[PDB]
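Here we start with a single chain on its own, the form deposited in one PDB entry, put down as structure tokens.
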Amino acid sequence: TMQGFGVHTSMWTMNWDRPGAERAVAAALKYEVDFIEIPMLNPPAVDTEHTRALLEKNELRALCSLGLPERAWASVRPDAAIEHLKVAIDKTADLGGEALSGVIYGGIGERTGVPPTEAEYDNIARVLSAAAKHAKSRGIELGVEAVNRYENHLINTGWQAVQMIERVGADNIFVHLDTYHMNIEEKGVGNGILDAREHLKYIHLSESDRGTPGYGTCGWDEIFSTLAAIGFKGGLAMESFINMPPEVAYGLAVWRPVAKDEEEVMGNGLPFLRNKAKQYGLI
């Protein structure tokens, strides 16, 4: 269960190869965060012992996220999804990760053009029940990230994520919210946190255009006040798509730069988020 402030490492590498891991860890120490979120584009390619040693040497904690590739979208190909998640779960555990979170129930770009069906949710629930048991056997948790309607048609709101978690009824699955998605989906941004309050262990603090937090349209005071009010003691992870490699940015509809450079995003956005966290007593 994460604690404090962290950063999504896409700001310094989307590929967790050896130089990428080193560059992300160095950045994390520079900005003095408590944890990093490691994206696993290609789980088999990850050097678990290098990463584990980096994290322990520099007293850094970690979790991992992914989205399922189309060959393994849980809604329609659940056995492939179980297989893909078991690999990702095992890499996460081996490198010292405490959790695998993100769109672990489908992939960026699912859309049937109609509302989500019961059969789609049944497959997801089966995929998630299997994956959670494999996660508990390796001592880690699983996260369900609500994402906006355009990225996935199945889980877009805090309350939909909670409804999936109750179906499965596994102890070790938590909700993962993202203010960039909440800014589109939640009927008042605080409502996402409210609906998910019993299961919220992680939140992406991302600006409305994936740019510099504080300089967009997210209602930060509402967000931080509501987190304080529910007693949120999970992970506060900054996410910006700045200096994300172009072929992974184009995939999530980044057609133009989200901010000038890392030095605007991290120099303005991290102090802003940490000050707000202090202001509302989360620290």
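Basically, rigid core = biggest C-alpha set you can superpose within 1.5 Å across the two forms. Quick note: we count residues from 1 along the sequence shown, nothing fancier. Only residues modelled in both forms are compared.
Per-stretch averaging of Cα B factors for 8 to 16 and 267 to 275 places 8 to 16 on top. 218 to 226 and 35 to 43 differ in mean CA B-factor, and the higher of the two is recorded for 35 to 43. You'll see in the entry that, of 28, 258, 62, 236, the Cα B factor peaks at 258.
Within the selection 137, 101, 160, 183, the deposited Cα B-factor values reach their highest point at 137. Per the PDB record, residue ranking by Cα B-factor puts residue 192 in the lowest third of the chain. When the CA B factors of the chain's modelled residues are split into thirds, the value for residue 110 lands in the middle one. Remark: residue 79 belongs to the highest third of its chain, ranked by C-alpha B-factor as recorded. In the deposited entry, the Cα temperature factor of residue 213 places it in the lowest third of its chain's modelled residues.
Residue 117 sits in the middle third of its chain by CA B factor, as recorded in the PDB entry.
Quick note: we don't show the form deposited in another entry, though the next part is all about it.
Just one of 33, 27, 218, 248 moves its Cα by 2 Å or more between the shown form and the other one on a rigid core overlay, and this residue is 248. In the other entry, the Cα atoms of residue 39 and residue 246 sit 3 Å or more nearer to each other than they do here. The gap between the Cα atoms of residue 247 and residue 259 is larger in the other entry, by no less than 3 Å, than in this form.
At a threshold of 2 Å in C-alpha displacement, with the core superposed and only residues shared by both forms counted, 243 to 251 is the one segment of at least 3 consecutive residues that shifts between the shown form and the other one.
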